[PDB]
Amino acid sequence: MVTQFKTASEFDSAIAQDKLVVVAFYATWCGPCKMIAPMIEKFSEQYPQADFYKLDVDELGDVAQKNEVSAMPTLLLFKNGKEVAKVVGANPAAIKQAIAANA
């Protein structure tokens with residue numbers, strides 16, 4: 001299963017690591033987040049050395065604004081806090097683009 005952070009701090013400390021951290025900003029008021037939610041569930045099962053997280057943008061609004069997130073969900077894999085890839089428009093399959101190329 002994929003973890004949901006509760007603070008920008010949790011996200012920041014994850015993405016600042018020398019590891020692949022892909023967090024996805026979510027919301028309870030979206031349909032696309034629903035469909036990729038079981039998909040990324042699987043994909044997050046297939047990441048042994050990389051980590052999948054998905055946040056609730058209604059709680060993580062400020063952090064979302066930091067990363068100028070204007071879509072739901074938004075998939076950003078970070079590396080050493082310098083990022084590694086960016087996908088932004090409900091990407092269950094396109095996550096694999098960033099996720100497989102970087103992670």
# chains A, B, ... in the order shown; residues from 1 in each chain; ligands from 1

$ residues_around --residues "residue 52 in chain A" --least-positions-apart "3" --cutoff "10 Å" --atoms "only C-alpha atoms" --output "PyMOL selection string"
chain A and resi 1-4+20-24+40-41+43-48+75+77+99

$ select_by_dssp --residues "chain A" --states "strand (DSSP E or B)" --output "short mmCIF file (atom, residue, chain, number, x, y, z; two decimals) with C-alpha atoms, in the first residue's frame"
data_model
loop_
_atom_site.label_atom_id
_atom_site.label_comp_id
_atom_site.auth_asym_id
_atom_site.auth_seq_id
_atom_site.Cartn_x
_atom_site.Cartn_y
_atom_site.Cartn_z
CA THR A 3 1.50 5.91 2.54
CA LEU A 20 13.42 8.06 -5.14
CA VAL A 21 10.36 9.47 -3.41
CA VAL A 22 7.26 9.78 -5.54
CA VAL A 23 4.44 11.52 -3.71
CA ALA A 24 1.00 12.19 -5.23
CA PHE A 25 -1.24 15.04 -4.22
CA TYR A 26 -4.79 13.74 -3.93
CA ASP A 51 8.85 4.52 -2.37
CA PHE A 52 5.33 5.56 -3.22
CA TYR A 53 3.32 8.06 -1.21
CA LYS A 54 0.05 9.87 -1.91
CA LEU A 55 -1.07 12.95 0.06
CA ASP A 56 -4.43 14.63 0.65
CA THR A 74 -0.06 15.16 -9.32
CA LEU A 75 2.84 12.72 -9.41
CA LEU A 76 6.24 14.09 -8.59
CA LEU A 77 9.18 11.86 -7.88
CA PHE A 78 11.88 13.66 -5.99
CA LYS A 79 15.55 12.92 -5.52
CA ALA A 85 10.77 13.81 -12.67
CA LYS A 86 7.46 15.59 -12.92
CA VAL A 87 4.09 14.36 -14.14
CA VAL A 88 0.93 16.33 -13.59
#

$ closest_residue --among "A:8, A:63, A:33, A:15" --to "residue 92 in chain A" --atoms "only C-alpha atoms"
A:33

$ select_by_dssp --residues "chain A" --states "helix (DSSP H, G or I)" --output "ChimeraX atom specification"
/A:8-15,32-45,61-66,94-102
